[PDB]
């Protein structure tokens, strides 16, 4: 499995919008949930993005794809954005274990996460 995140880089004018697309590729498991994150330019810590307002998400579990559209971009939006696909697998299913471990549910079910490679956004001054 891997998550294919596009575009890898983007430059936008202030006021415009950005769509980022992610698809969970080569995965035997289903897309159970999604997450979005960003790291502001000149910062090192990644914060989560709450869906709503300027951030609208579209999820198609059938094709294991998901997208985020960020509207009304400003300079302070510049930074790196990442998506994460969440899923489940059994403790001994080694084929499914290469993602991060998010939790462990009793009954031997592990919660896994695969992140996209990132989108580096530059939004230009007005």
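Positions refer to the first chain, counted from 1.
The PDB entry reports B-factors from which the mean C-alpha value can be compared for 105-113 and 11-19; the larger average falls on 11-19. The question of which stretch, 53-61 or 29-37, has the higher mean Cα B factor is settled in favour of 53-61. Across the options 84, 45, 96, 80, the residue with the most elevated CA B-factor in the record is 45. In the PDB entry, a CA B factor belonging to the middle third of its chain's modelled residues is recorded for residue 68. Among all modelled residues in its chain, residue 123 ranks in the middle third by Cα B-factor.
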